[PDB]
Amino acid sequence: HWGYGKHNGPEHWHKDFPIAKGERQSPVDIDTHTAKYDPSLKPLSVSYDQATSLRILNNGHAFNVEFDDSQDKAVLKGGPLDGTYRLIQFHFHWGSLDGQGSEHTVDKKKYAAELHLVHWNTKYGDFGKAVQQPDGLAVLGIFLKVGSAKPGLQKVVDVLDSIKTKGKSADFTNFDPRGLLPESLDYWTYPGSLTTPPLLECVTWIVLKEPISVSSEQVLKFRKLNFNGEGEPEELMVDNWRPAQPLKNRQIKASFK
Ligand SMILES: N[C@H](Cc1ccccc1)C(=O)O
Ligand SMILES: [Hg+2]
Ligand SMILES: [Zn+2]
């Protein structure tokens, strides 16, 4: 099975998923001096007031905080997006050390972790159909740096003990994702893909420039999770990030000047 190790990591993914060497793969390095302000970009709208979280799951490569997307309760619109995208789940990518962990990089700088809020275009009916379209998904990427603790993240941190191993899940209702957002919504955007197999190229990426700060204690809890299942030797869940991929024929646009 694919993973992040020496024998099953990102450099091996192309064998089972040829698109790994595709034309619009993610993540990418965001060269701030090459990105251009785009006046055509509309205001970004993040409406998470009615968000309904339901469960948190350790899927063997990260943990997903799942939401009820049977209706428009938590949606992302505006910006480079046409239409409405519904929040289905969010997860993170982090490192074994604070100096690495993010997937996207800014002028080659790696952050301690990166949050991905995944949304699907409602015009396609369901997530499965959306990932078969070039404009099927919109992922809001948020960088995490180590410093002061993030109050809105503690609820996630404290429940990780109950889903330490692969396959474990726990009820996780009433979690407000608004507490994970930085102050500013300034962002960079480009067309890309899922960063984990099947690496489908159906994502409009919206990466916020302002990182949120989390405490060393909070990130350390992330690093206590396991890639392995219960009853198997312990493999700490760390460095579950894919490196930057070639930008190729793409242009990264900035929402700010
Ligand atoms: N990256 C998908 C795993 C995944 C699917 C759906 C939700 C979250 C994660 C895969 O491993 O096949
Ligand atoms: Hg696609
Ligand atoms: Zn991700």
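For ligands, and for the atoms within them, numbers begin at 1 and follow the listed sequence. Positions are given from 1, in the same order as the sequence printed here. Note that these values count all heavy atoms, side chains included, but never hydrogens, waters or copies made by symmetry.
Close approach of ligand 1 to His61 is summarised as follows: ligand atoms under 4.0 Å from at least one heavy atom of the residue are 3 (C), 4 (C), 9 (C).
At least one protein heavy atom sits closer than 4.0 Å to atom 10 (C) of ligand 1. Atom 2 (C) of ligand 1 is approached by the protein to below 4.0 angstrom, counting heavy atoms only.
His116 contributes ND1 as its N, O or S atom closest to the Zn ion (ligand 3). When the Zn ion (ligand 3) is compared with the N/O/S atoms of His91, atom NE2 turns out nearest.
Within 6.0 Å of the NZ atom in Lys168, the count of heavy atoms belonging to other residues, nucleotides or ligands does not exceed 12.
Using cut-offs of 30° and 60° for the angle between ring planes, the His116 and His91 rings count as perpendicular.
In the model, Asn59 has a side-chain atom that pairs as donor or acceptor with a side-chain atom of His61 under 3.5 Å. Side chains of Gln71 and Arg86: a donor-acceptor N/O pair is absent below 3.5 angstrom, by distance only.
Close N/O approach between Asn64 and ligand 1 is not found [any backbone or side-chain N/O within under 3.5 Å]. Close N/O approach between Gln89 and ligand 1 is not found [any backbone or side-chain N/O within under 3.5 Å]. Below 3.5 Å of separation, one finds no N or O of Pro198 facing any N or O of ligand 1.
Side-chain contact between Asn58 and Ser169: absent, with no pair of heavy atoms (C-beta onward) separated by less than 4.5 Å.
Among protein heavy atoms, atom 12 (O) of ligand 1 sits closest to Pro197 O, 3.1 Å.
Checked against the 6.0 Å centroid threshold, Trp241 and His104 do not count as a close aromatic pair. For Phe63 and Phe222, the ring centers sit closer than 6.0 Å to each other.
Neither the backbone nor the side chain of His91 has any atom closer than 4.0 Å to an atom of ligand 1 (non-hydrogen atoms only).
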